[PDB]
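Asker: I would like the atomic coordinates for the input below:
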Amino acid sequence: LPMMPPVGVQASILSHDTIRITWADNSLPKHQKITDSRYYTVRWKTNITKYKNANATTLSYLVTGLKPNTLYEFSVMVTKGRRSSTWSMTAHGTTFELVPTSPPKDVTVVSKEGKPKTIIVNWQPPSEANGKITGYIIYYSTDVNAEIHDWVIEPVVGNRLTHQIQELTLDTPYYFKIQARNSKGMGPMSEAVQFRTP
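Answerer: Numbering: from 1, shown residues only. Provided below are the atomic coordinates:
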């Protein structure tokens, strides 16, 4: 005989890496207390992929170690002895964003053709964006050891991957670094790239 599958599965987002799953088992009384050896199995995955799973003898399961800003599909079944149920209807849960935790990648700086005091900076999004990138901030200086408040700031709006900087002094070594931004704040700076104006 088939067991009733769990119902009312819900995904409560607790952080950028934790989601608590809860459900009801209508084969139990309304007080929902378990007095037998049944156990539930919770499965989850990204719709980006195989399932991860875990068992529980509670009508809830805490899923930790997830990735930021990621949509997961969760479902639950029950087993007791040689009987079990089909999987429950799915519930979706998307983890919160987290500040980026890695830097913009492969930063390069070159001269703008025909405009020697102008340079073009190019880069790629950080691997650990951890949320929708909303912009970047480029910093540059003629002194690599200068404290950050002394570098010149060039904000870039949106998830653009290139930016031009004008009016630089000629025949001068400059250092450029960049950090990404999302709703949670600024990520780490890339390692400075040195470039000497022509």
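Asker: Not counting residues beside it along the chain, what's closest to residue 123?
Answerer: Sequence neighbours aside, residue 104 is the residue nearest to residue 123 in space, at 4.2 Å (criterion: CB to CB, 6 or more residues apart in numbering). The C-beta positions use only the backbone N, C-alpha and C, and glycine is treated the same way.
Asker: Now do the contacts for residue 72.
Answerer: By CB atoms under 8 Å, 6 or more residues apart in numbering, the contact list for residue 72 reads 11, 19, 44, 45, 46, 63, 66, 92, 93, 94, 95.
Asker: Was I right to think the residue nearest to residue 123 contacts residue 122?
Answerer: No - contact between residue 104 and residue 122 fails when scored by CB atoms under 8 Å: they sit 9.7 Å apart.
Asker: Near the residue nearest to residue 123, how many other residues are there?
Answerer: 28 (other CB atoms under 10 Å).
Asker: same thing with residue 103?
Answerer: 20.
Asker: For the closest residue to it other than its chain neighbours, give me phi and psi.
Answerer: Sequence neighbours aside, residue 190 is the residue nearest to residue 103 in space, at 4.0 Å (criterion: CB to CB, 6+ apart). The phi/psi pair for residue 190 (degrees, to the nearest 10) reads phi -80, psi 160.
Asker: re the thing from before, whichever of the contacts of residue 72 count as buried, I'd like them selected in ChimeraX; how would that read?
Answerer: Only the buried entries of the contacts of residue 72 go into this ChimeraX selection, using 16 or more other CB atoms under 10 Å:
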select :11,19,44,63,66,93,95
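Asker: Which ones among the contacts of residue 72 lie within strands?
Answerer: Judged by DSSP state E, these include 11, 19, 44, 45, 46, 63, 92, 93, 94 as members of strands.
Asker: Export those residues as JSON lines, with columns for distance to residue 28.
Answerer: Formatted as JSON lines, the ones in strands among the contacts of residue 72 follow (distance: CB to CB, whole Å):
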{"residue": "11", "distance to residue 28": "21"}
{"residue": "19", "distance to residue 28": "23"}
{"residue": "44", "distance to residue 28": "23"}
{"residue": "45", "distance to residue 28": "27"}
{"residue": "46", "distance to residue 28": "31"}
{"residue": "63", "distance to residue 28": "22"}
{"residue": "92", "distance to residue 28": "25"}
{"residue": "93", "distance to residue 28": "24"}
{"residue": "94", "distance to residue 28": "30"}
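Asker: Perfect, that will be all.
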